[PDB]
Structures are given as structure tokens and as C-alpha cells.
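Read the structure below first, then the notes.
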Amino acid sequence: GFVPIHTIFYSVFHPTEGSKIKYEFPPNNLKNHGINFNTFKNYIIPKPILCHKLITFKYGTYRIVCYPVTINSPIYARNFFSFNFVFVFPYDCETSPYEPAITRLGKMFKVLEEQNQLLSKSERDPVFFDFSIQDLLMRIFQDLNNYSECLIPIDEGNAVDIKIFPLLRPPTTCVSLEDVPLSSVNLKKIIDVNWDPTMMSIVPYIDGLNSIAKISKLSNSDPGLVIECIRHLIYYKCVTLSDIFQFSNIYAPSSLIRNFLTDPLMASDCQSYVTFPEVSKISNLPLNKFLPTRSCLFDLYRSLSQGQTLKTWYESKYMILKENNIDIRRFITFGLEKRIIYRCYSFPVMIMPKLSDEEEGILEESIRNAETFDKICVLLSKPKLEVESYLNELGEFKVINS
Amino acid sequence: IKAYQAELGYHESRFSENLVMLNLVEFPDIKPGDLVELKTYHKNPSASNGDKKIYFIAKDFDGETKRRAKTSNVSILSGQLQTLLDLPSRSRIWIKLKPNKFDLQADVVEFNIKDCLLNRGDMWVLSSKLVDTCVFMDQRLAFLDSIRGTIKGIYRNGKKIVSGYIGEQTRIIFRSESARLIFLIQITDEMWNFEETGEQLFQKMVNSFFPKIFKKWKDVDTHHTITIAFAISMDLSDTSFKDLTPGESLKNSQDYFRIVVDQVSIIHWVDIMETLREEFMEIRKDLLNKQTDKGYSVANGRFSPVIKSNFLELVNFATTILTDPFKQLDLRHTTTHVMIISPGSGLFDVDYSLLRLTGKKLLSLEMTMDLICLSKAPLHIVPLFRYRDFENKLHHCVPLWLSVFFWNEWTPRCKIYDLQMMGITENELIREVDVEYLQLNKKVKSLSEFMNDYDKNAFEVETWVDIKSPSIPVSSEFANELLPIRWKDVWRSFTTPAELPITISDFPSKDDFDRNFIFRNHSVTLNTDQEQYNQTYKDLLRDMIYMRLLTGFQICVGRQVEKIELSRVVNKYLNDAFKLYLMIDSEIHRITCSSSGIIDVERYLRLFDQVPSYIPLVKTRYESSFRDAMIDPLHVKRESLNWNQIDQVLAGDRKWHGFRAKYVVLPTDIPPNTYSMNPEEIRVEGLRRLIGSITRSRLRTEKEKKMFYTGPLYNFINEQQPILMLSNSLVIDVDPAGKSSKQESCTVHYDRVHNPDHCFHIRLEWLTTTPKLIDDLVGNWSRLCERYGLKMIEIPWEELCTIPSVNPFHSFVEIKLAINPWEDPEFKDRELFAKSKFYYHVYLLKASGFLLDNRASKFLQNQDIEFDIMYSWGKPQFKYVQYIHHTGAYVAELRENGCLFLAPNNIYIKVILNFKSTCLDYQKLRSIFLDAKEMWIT
Amino acid sequence: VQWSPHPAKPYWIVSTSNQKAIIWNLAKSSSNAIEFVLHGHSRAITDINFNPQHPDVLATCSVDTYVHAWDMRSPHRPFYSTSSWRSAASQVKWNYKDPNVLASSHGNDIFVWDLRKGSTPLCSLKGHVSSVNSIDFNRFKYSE
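The following block contains the structure:
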């Protein structure tokens, strides 16, 4: 997860012999590994333009992270005081979780040196003017290499409190109204007092089959804040988006359909998932007026095809689901959750009551943006047939089931 | 209007006092006293010097200026304006005349005030002197030749300009860089909560906020007094925070207050940061380690969350110190600004009645609660308050008086603590509720009909402003509406806070004025005793307006006041028509004048019982244990002043007092040049000289301008032996040079009798005088005392035992001496305790350098005579025996049970800790009492 | 990580997972082997030790300056809490003889806690110059 520190050393600019290493843990670690401080001493203590900046550079097989600090005051010799708490890491890692810690350590020591002249007086030599460093470096090194955390008191009111956090990918901006959210965790037990009220309103409506517009209307929420809350929950890797379930939808098998075969516990979960708890009434309705075996579930997963809607697929195979007591919505949801099937979205590209002005405006904007049938149906709060009738009144259109 | 080309010339201040002077002979078309634009331009924007529009007033030359200057058309005084112009001599400029002034009135003229006290009435008088006067940027103005001021911003039509014109409708804003600032750190469970970047929020507070704000204070060279106090709500229940309902406050809680830094100047910022860091590191041991009566300590207690914290209690704790307008005067600082540092995001669960009381209190006093949040800005409108009504109904509201700032590509603006910290183990937050089981309709008999019915329904479905829901946003005009009406005419708030604006452009409507208002009328007239002095109706009227501005009234000018006056000319400054309108949240005052001299004042007067009593636990700077507070923070308030008696005493007395300050002069070292003119003889000579200087400062009419001893007091009373006055009455003139245009009269009481071991008392009783004149008079008296080897120092008027019940932030400690003379048999005597009951305590105070204050005390007496004793300022209402340090930095007080009080003199402001350790040491107190017994025997 | 010395529970493993301690049940399958989780300290648990006399008692120390003593019969809240309030803990160890005395090292200082005396330490060993890393009791002497 987090890279261990290779060598921590505290470099200060002496007014007589220039930049030098004061303390270094492990002792003589840089010279044993062929790292010569005089080669990059002009980067550790650079000009004040480069100071107070997150400096990270590569030296051979090692990456050297530092935050140079320069304080200008007439109390010090040569009218300035410069130091650097320098961290050495290997090159083949990610030093991104450690960079804010080193930056905040440098800023806190800048504050302490500007306040009470801690590091300058810690040298016990009156040539810099007109608590142990080595113990602090040992504690920082071993606490960050053994616990990824530290609480090291350096004074009667000052302590080094560093916690290394992982870096997460930012959420996408592709979330829209027609996407349904799937909560991968039980969100009711995660709710403490620090949650956002909007997110707290969203939580009792993420049931895996409600659209973001439907959740916004149910919770009396603006869709933009719901979009941002779903993005924040995506940022913590707990909600994955999906599609609105309709029988007018077209589902096709994906390339991962063999993972229904090459997995010891996927098919058993399918058996425990897709079946009604009792003999449901849907398993008694005609088409017009033990648990199911894993081979049956696989044969039902194969029989989906492109250009064939779920109504036609379900009316071609309805005795199988009636006899095996299979919920088709749960079947499709499990197929989408295991990424063994995908939905072919419908695109109404161009070459009944009187529709409103704003309704026809947003319909025209959706048509001119080549939006799907799901987004138009969500925006107009209408089924597919009314949208199709209004589009046929407006012009001639073709549907792509991609 | 043609443009008039002209040359340039400079002159010294010894020839003229104006800024820009023209020639009326050379410009006959320009009348004197008219707003005249000045610009060096050739109808082109020549870099930066080509666009220099500077306003001034057309004024003619003088006799010496006309005799000397010949080749210079414009004579401009050298200094700041010459540096701003950046032009050499005899440079070609142009002159344009604007005959209209009301269209060129600047919207905002800023004014920065340093190192001095300026009241709101003094700001009103200064703006009255700034009517029809042109100013430019960074101009060092003056007021009574002692109050400087830098104009750091001029605004007009939403644009910043270098120079502007100040008119009647110019909303001039006075800001102070010498101000009292209060920081309330809201210590909760979220102070140690990590942000998404990886920093605890108190680390942000002590490493990015306070050092940067101190650097910004030093860069502007502000001279503030900071006051930092912790603010803790402790949850005493074992219930989890996930079970708390949104809107309901905590039923079982304990509230703490740890004052870290008292009223301390910001030049000691190193000590301030050290004390803040030490107390924040020690606060966990102080609070979470409770003491059990079984002889050991149990690690118990929990900090409340930010949402359920005691936020309104913190705001009322802040507003405790402004309840009394007639408190002690900070003569070097002006504004009282409160900053609340919180680790939340502007969401607080509050009580409804306490929210109403907090709003009504904050609308009646001069504070701006600037909340700063160390977390990121959330998805809702801030600040957000959630409360439950009487029917358990959740509501959301945004208070007008709270302003939220945030201290700092996609940024995570929603806080999920259990997923950021990974507090829930992966096997125990697995999803339990899944997709539903496709329930039927009980109207469907076919599978195709079920599919059709599923596809048909697949797409179906005045102190606060009430937000309908936090999840829906507000309009732009609504978000523009969120600002307080009493502060409607205003980084800059943090560094240079602003006083209460002199004017308000708001008023109640016609239906609201007749709904919940009652009418009281005054009729106040000049008295013949005060017209012997230079006192007409005008200066008495503006003294009354000075008192109203001191209490917190703002002079209403605008549209609603004009539209409500005509339903029977509005004024802002000071002819015979002086129709002003002054309004606070409690009462509205309409004041009109005439040529007869009668001032008509109409008072339109407009919850505290439906809030439970709340006595928190307060730890001051010098205490070691949490003790019960002496004041209710919720139930103390700004009382409606008895304005009838105020107008009666300004025209010319139980439960009424004005501005007041007690002054103590003390014996100190004698300068070596004084010895070339007994030390007791020269000190009593200096005291007599000070008394003569006070009696030579007596305010005179225009008609006329055409005992020492040693020992206890009762021994001297019975030695020279019904009401015996121990002080004299005198009404002095504060300003003899006539800097101000009004009467500055103050009442002086001085002690008739004096001891070298007894403190000498000077009293100053003033109502409407300018405090800077009082301050320089006190400085002159202090210089006169220091020339003769004394030291005049400023001291609280109220007793030391009363300070916690007035000012909760002040330091105050309980002193329990280790060696009790009445209990320990090592020092016990009936005759000694009969002759002197507090002999050992008096000797302990005297050995540490504490002079005695209350000479008329009945706890150190031997006999009683002269039944009634009274000072000239009233009866001595003293409960204990007060003691003053010889340096005057600290105040002591001796009770009847031998326990001491001890508190510093923060108004004037190592030895305090030395005396606290001496009182709490067996060896030192035993040695002092042994020395006392040795002196008693020998 | 620490094996439970109870002979009747040879399937228990206590391991630190940042701020929470995870008790593993090896009789359970490898997919779900976690039995219960101790939700105590806010920062990372530093060391864990079992009482040798009573193997159902566990003491945890952490970076957030807290030492919590747990009972495996009721593994929901600790029955004993104490703190040093200044320095992060490094180890916690039990006394082999006296079954209610435990010591913790917090930086340069070593504090010995009595389980019946609350958060007040029995003694504070303060003879070390640098930071104390490890602490250990004597199995034979009561007070070494």
C-alpha cells in the first residue's frame, strides 16, 4: 500500500561550510547506498524562489522528496536561515500519499522556527545567529514504516501527528438522470452524524432499481445535488451505476459469460438470487389471457441476443421461468452485476394530447443531441410509446440498438 | 464642458492649509467651492500615469501665493498627493469642471483607524465634518489633531477609484486595525478528525490559520488585543452518535469553557501560540480524565459532535461581554469582533427558543460572528441550522448574522468518515437489502399484460430565512438577500474589522409598525443653568445622538423611511429641521427639532422565560480546576436603557450609571532629576500638585471667563473626634484647547485623606465626552505623577468578586492558603486575633507588595463611630477587602474567611505565578507567618 | 498479531487492522473468517497482548494515546480505559503473577496501570533518555 521510507535526514545550511547533513537515520545510509549529498545539495537548499515548494527528484534508483524552507530574518547569520527535512524513497513506487505529510511537516517546522526559533537553537552553536533531532527522525522513520501513523511529542504543546492516506481516483462527470445507482454496501449502518443531509436523504432510496430523477422526486431533491452525492459515493468506491429495467430493453451476453462457468461460487449465488422465496403468482400467470440448476441459468443467459427485446425473449422462454420460479428482473440484475450481459442502448436519430412548449423544447434538445430513449423518457416522465408517437408526429426516425 | 489645460506647481504647508488651490482670476467660469476634476491626459490612456482622475474643491490662492507663484496655474500641497500624482514641476495637466455633485457622490469611502478609541458618535461627527469634501486614496486625514486615519478604498458604481467625492448619501465606512478580537475554538470530536487530504483540523488551525493571520496582522501593523478561549461540549451519555435524530439537541450534556489567552496584545504572538498549543495538548487530560471520589481517576467522557454542539451557548458566551454599554473603556481599541473556529461545515442542530433568543440578542448588539470552518465547503447553503418545532417537525433555516468562511480539480465536499477512515470491516457492511421480488397488482391476469403495465409505469414519479429543503438550491437574488440589515451598508473582515454602520436603509412596513409596537413620547427642553455655558439646542441634540450611537442606534436614511414619514426631510448629519430616525431591534426613535428649542422624541418600543437556566463550567487562565460560572450566558442581555432619565440628565438616581473609570496613583521610584529640585515629602508635594492641576482644570462659565497620617483609618477618625464625606465634587473641563466643537465636562472625585500605605483614588464620571480627550488628560496626569515619582494606573471600578458575573473571559482564581492561623496550633492567639483578625493575611499581602484599596473597610477595624460614611460618588458597595499591586498589574481581594481572590489588571496590560506559588507553598507561607510572629513579638 | 493462549479456543487470531482489531475464526471458511471486530481507538492500534492468567482478557495500545482492556466474552466495549495523554504508546504487557497489573510505554516514559485503580498509574518509570520501544514483565517475580 504505502512505500517504506528509505532514508530520512535533516539538512541545514551552515553559514560557514554551506549546506550539510546534520542528522541522518539510518546512520551512514546515504554513503552506504552510494548517495552523495554534495551532488544535489543545490536542490536541497535552493534559491528562495524554489523554496516552500514540493520538490521531488530522482537520483539513480531512489526518489528524493523534500520541502525546502527558507526564513528571512535579521536574527540569523547572513540575514536568512534555511533547513530541509528530506525524505528518500525508492523510484519504483508512488510517493503521492507521502507528499502532503512531508509538505505539512515542512510547513509546521517553518511555523515553529518563525515562532520560537526551534531548529536554529537546537544546534547548540552560536554561529547561526548574529528535544533531539535524531530521536525525532528515528521515531518518524519507524512509525511511518511500521504503522503508517505517528504521534511524536516534540515540545509541551507541539507534536508530530502524521497519518498517510491513500489516493483515490476522482469521480466521472458521465453520471446522468437515466442511470440507476447500485449500492454495494449497506448504507444505513454507515450513517453517522457527519454525513451530508442530501446524501442522508438519498440513502433510503438506493434500492438498485430507482432512477436518479425518481430518487430526486421521491426525496424532494434537486437532481444536481443527487448527481454530486452519487459522484461522492463513487469516489469512495461503493456505488456502481446501471440502467433502468424495462421489458422493452435489449440485453446481449458479454465476453465474460464464461465467468459464469469459470467461478466456483457465481452460479450458486445465481441460484440463491434469481429465485422467488415462495411459489409466486407470476409463476401462475399465463402469457396471454428445488432451485433451478446452473445449466438452466447458463442456457437462459446465452439466449439473450442483439436486436431482440426482453419482451420477445421472455415470451419465447416463459415456461422455463415459470417452472423454475425465476425472477426475470433479478436475473437481469445479476447478469449486469457479474458483467456477463450488457444492454444495447436505443438511439432515436433522425435523417395524443397537445405537447407543451417546454416539453417540445426539451424533446427537440434531446433529439438534436442524439440522446437515448431512456433519457428522453426520464426527462418527459413518459413511457416509450408516447415518446415514439410524439417523434413520429414530429418526423421520421430510426433506432440504433448499439 | 471644455477641458482647461494648466501647469503644475507645489508649495509648502507654511503658506496654505488647503490641498489643491486654483486661481479664480484665471478661471472665472468656475465658482469657488465646486467639485473640479483634475486629469493629466491627451484624450488617451497613456499607460498608468495618463489615467489619473483626481477630485478636489475649487479654492483661490492666498496673498502670499499670488505674490510668489507666477508660472504655476495649480498649487498643490506637497506630500502624499504629490507622490500619488508622480509628476515633475511645470507639467501639462488638464482641468474639467463638474457642476453636479450628487451624481458624483462616492458609494463607499473607507477609513482605517489605528491606536485610538473612536466611538460611533465620533465617527458620525467625523462624517459630519467630511460633508462636501474630496478625498483620494491613502490620504492621512485627522480628527482633533490626534486621531489619524488612512483611506484605503473608494468605491463608486461597483468600481474602485483612486479619488472620490464625499456627499450626504456617501456610505462612509469606518474600520479599525486597533480592535478587541475574541477567538472561540469549538473543541469537538471533529477537531482530531482527519480531512481527505490527510490533516487533522486542529493542525490546520495551529499551522495554517493562526500563523498566517498573525503574519497578516503584522504586515498591516495592526495593534489588536486577542482573546482565545476553548469551548467544549461534553457528552455524558453512552448512546452512539449514529442514533441521534437530526434536529434534536443533546438531552444530557455538560458544557466547559477554558480561557486560554486573556485580553493580550498581539505583539506577544509567540507566547500566545505557545499557550494555545500547550492548553490544546493538555485539554484532553483536563476533560477526559474525570476524578472519582474513591481516590482514583477514570478515563471517561466524550466530546460532542459539531452538529449537536452548544453553538448558541458559545455565541451567548461571546455576547456576555457586550450586554452593558457602560462598561470599562478600552481607550486604545475600538471594535469587538468575535471569530468562531469550528471543524464542521456550517450544519448545527439547535433549539428553536434558544435560536430565537440568540437572534434577538445578536440584533441588539455590535458584534459580527465570523464563523470559519476548517473543513471543505459542503453541498448545502451555509450556515444551516436544523431545529425541531413544538410538533416535532424538522425545519431548516439560514441565520443572517452568521458569515461562514472556509480555510484551504475535483475536491471531496461530502464527508463520509466511516469510509475515509475505513472504520467498518469489509465483512460487516455487506449489502443486506436487494432488488425487490416483482410484486403484482391484483388486476393482471396475463404475463404480457404484466409486462405492458410494468413498461407503462417504468418512468412514473426576522433573524432567519426558512429554507424549504437543503437539497434544493436557492436563486441568485435570494442568495444576494442573505445579509444582515443592521450591517447592510458594508480577508478584510478578519484583519481590519468594521464597526456598526452609522446608517441603515431599512425600516418596518406600515402594517408591522401598527402590529407589535407601542408608542412613548418625550418632550425635552433646554434648561437655564446649562445655557450659561456655550450650549444651544443643537449641540445638546447631537450629544443625544452621540448617546444613541453609543448605545447602538443607526440613523435611518433611505426609501422606506421616506415613504413612512410622508404618511404622517430626513436627515443623517447636522438650519432648524433635524428630522432623524434612529432604530435598534428593540425600539425606534424619531427625533425632530425646531427653532423653539424643544426636541420631540418618539419611542416606538417593540421569550426569555421559555429557555432553561444554564450555568456552565468556566476555567480561566490562572485556574487549575473547572469551577461553576458566576453568570448565566443565555439569560444576560442588552437591557432597554431608561432613555427618559438619560435625556433628563443631558438636559440638566437609583439603578442608573454612566461611563466610568476609577484611577489609582501609586508610589514608585523617583527620577534622579527630581532630587535636584524626604521622598515622602516630594511624593506628597507631587500629590498636592496633581490635586491643584485637577482643580485648575475646572470648567468655567463664559460669564466668569470674561490631612496626612499613617495607620488604619478608624484610628485617625477617632483621633480627631452624621455623614462624613471623604471625597470632593468637581466638574472639570476635559479639553481646554477647544479642539472639539462641543462641551467636554467630566465629574471628578478625589480622596480627601491619604496614607503612603493606602491607595489614592481618582474618579472620572462622564456621559458624552470624547474618550480620546479623556485618554490624553489621563496621559498628562500620568506624566505629571511620573515627574514627581508616582504612577497613575487605570483600574476597574467594579469589585474584583463581581468580574466573573460580568466578564466571563477575565482571569479569576480562588486562593486557599495552606497555613490557617485559626486552625493550625503553631500560630494561634486569642489576643492577636481579637486585636487583628486578619493580621497574617494582611502581612502576607504586604510582604508581596500589595497596597490596600478599601480604606473604609469594616473587616480590618477596631472600633465603630460616625454611623454613616459615604463617598462623594455614593456609598462604598464593597463585599471584601480589595488589594492593589504596587506595579498595578494585579488585583487582590481578602474575604472574611481568609480565602483570597486574585486577578490581573487587563486594562493596563511572572509575578502572578510567583504569588500564587507563595500562597500555595507550605515553606514560604510558614516562613512569612514566622516573620509576622517575630515582628509581632519584637 | 497475537495468538489467543486459551486452550478451549485454538481457532482465534487477534490482528490489528488500523484503528480496529479483527478476531479471526479459523473454523470458518477463508472467504469469511472474521468473527467479531473491536471498535475502540480512533488511530492505529500499536500493540496487543493477552493476560496469561486469564486468556479471555486482551489489552490494546494505540497511537491515539489510549490503552483499552477488552474482554473476549463481551467483545463490544472495553471494560477498562486509561491514557497517558501526551505520548503515543509503543507496547502493552501483562504481569504473569499479579493478574490485574499491566504496563505501557509512551515515548520516554513507562506507566504501570492497576486494573482496579482507574487511569491513575501505580508508578511512572522515567529513567530513559530516548524513546522506549519495548517493555517486558518477569514471569517469576511479581514486580520486575
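Heads up: the sequence lines are chains S, W and C, in that order. Using the entry's author numbering, the letters of the first sequence correspond one by one to residues 7 to 136, 195 to 353, 431 to 492, 565 to 615. Using the entry's author numbering, the letters of the second sequence correspond one by one to residues 99 to 506, 515 to 567, 846 to 874, 886 to 963, 971 to 976, 981 to 1012, 1018 to 1063, 1070 to 1094, 1104 to 1132, 1146 to 1160, 1339 to 1526, 1550 to 1578. Heads up, the third sequence is in the entry's author numbering, so the first residue is 73 and it goes up one at a time. For every residue, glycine included, the Cβ atom is placed at its ideal position computed from N, Cα and C.
N- and C-terminal bounds of the alpha helix (DSSP H) containing residue i
{"i": "residue 209 of chain W", "result": "It is not in any alpha helix (DSSP H) - residue 209 of chain W instead sits in the beta strand (DSSP E) that spans 206-211."}
{"i": "residue 281 of chain W", "result": "Looking at the DSSP string, residue 281 of chain W is not in any alpha helix (DSSP H); the run it does join, the beta strand (DSSP E), is 278-285."}
{"i": "residue 1155 of chain W", "result": "1152-1158"}
{"i": "residue 523 of chain W", "result": "523-526"}
{"i": "residue 13 of chain S", "result": "Not the alpha helix (DSSP H): residue 13 of chain S falls in the beta strand (DSSP E), residues 13-20."}
{"i": "residue 141 of chain W", "result": "Run containing residue 141 of chain W: none; DSSP gives neither H nor E here."}
{"i": "residue 352 of chain W", "result": "From DSSP, residue 352 of chain W is part of no alpha helix (DSSP H) but of the beta strand (DSSP E) over 351-363."}
Any non-hydrogen atom of the ligand FMN closer than 7 Å to residue i Cβ
{"i": "residue 258 of chain S", "result": "This structure lacks the ligand FMN, and indeed carries no ligand of any kind."}
Collapsed DSSP secondary structure at residue i in the structure displayed
{"i": "residue 1095 of chain W", "result": "No atoms of residue 1095 of chain W appear, because in chain W residue 1094 is followed directly by 1104."}
{"i": "residue 83 of chain S", "result": "helix"}
{"i": "residue 1515 of chain W", "result": "coil"}
{"i": "residue 1030 of chain W", "result": "strand"}
{"i": "residue 1499 of chain W", "result": "strand"}
{"i": "residue 210 of chain S", "result": "helix"}
{"i": "residue 186 of chain C", "result": "strand"}
{"i": "residue 322 of chain W", "result": "coil"}
{"i": "residue 1410 of chain W", "result": "strand"}
{"i": "residue 108 of chain S", "result": "helix"}
{"i": "residue 1565 of chain W", "result": "helix"}
{"i": "residue 203 of chain W", "result": "strand"}
Span of the beta strand (DSSP E), counted from its first residue to its last, around residue i
{"i": "residue 1376 of chain W", "result": "Per DSSP, residue 1376 of chain W belongs to no beta strand (DSSP E) and is neither H nor E."}
{"i": "residue 1105 of chain W", "result": "Element bounds for residue 1105 of chain W: not the beta strand (DSSP E) but the alpha helix (DSSP H), 1105-1121."}
{"i": "residue 226 of chain S", "result": "223-227"}
{"i": "residue 97 of chain S", "result": "Neither: residue 97 of chain S is in no beta strand (DSSP E) and is coded neither H nor E."}
{"i": "residue 288 of chain S", "result": "Element bounds for residue 288 of chain S: not the beta strand (DSSP E) but the alpha helix (DSSP H), 287-299."}
{"i": "residue 927 of chain W", "result": "Here residue 927 of chain W belongs to no beta strand (DSSP E), and DSSP marks it neither H nor E."}
{"i": "residue 161 of chain W", "result": "That residue, residue 161 of chain W, is in no beta strand (DSSP E); its alpha helix (DSSP H) goes 161-166."}
{"i": "residue 24 of chain S", "result": "24-31"}
Beta carbon of residue i nearer than 8 Å to that of residue j
{"i": "residue 932 of chain W", "j": "residue 999 of chain W", "result": "yes"}
{"i": "residue 1418 of chain W", "j": "residue 1496 of chain W", "result": "yes"}
{"i": "residue 294 of chain S", "j": "residue 244 of chain S", "result": "no"}
{"i": "residue 855 of chain W", "j": "residue 289 of chain S", "result": "yes"}
{"i": "residue 445 of chain S", "j": "residue 315 of chain S", "result": "yes"}
{"i": "residue 438 of chain W", "j": "residue 496 of chain W", "result": "no"}
{"i": "residue 480 of chain S", "j": "residue 318 of chain S", "result": "yes"}
{"i": "residue 113 of chain S", "j": "residue 305 of chain W", "result": "yes"}
{"i": "residue 431 of chain W", "j": "residue 278 of chain W", "result": "yes"}
{"i": "residue 557 of chain W", "j": "residue 452 of chain S", "result": "yes"}
DSSP beta-bridge partners of residue i
{"i": "residue 44 of chain W", "result": "Only positions 99 to 1578 of chain W appear in the structure, and residue 44 of chain W is not among them; the question remains open."}
{"i": "residue 258 of chain W", "result": "W:253"}
Cross-chain neighbours of residue i in chain A, by beta carbon under 8 Å
{"i": "residue 203 of chain C", "result": "No chain A appears in the structure shown, which is made up of the protein chains S, W and C."}
### Stretch pair the segment 113-120 of chain C + the segment 153-173 of chain C: three plus CB contacts closer than 8 Å
yes
### Query
If you pair each beta-carbon of the segment 318-326 of chain W with each one of the segment 343-352 of chain W, do three or more pairs fall below 8 Å?
no
### Task
Would you be able to state if there are at least three C-beta pairs under 8 Å between the segment 377-397 of chain W and the segment 410-418 of chain W?
no
### Query
Using 8 Å as the threshold, is the segment 242-255 of chain W in touch with the segment 178-198 of chain W, meaning 3 or more CB pairs across them?
no
### Task
Say whether the segment 1425-1435 of chain W touches the segment 1386-1396 of chain W, bearing in mind that this needs 3 or more beta-carbon pairs closer than 8 Å, one atom from each stretch.
no
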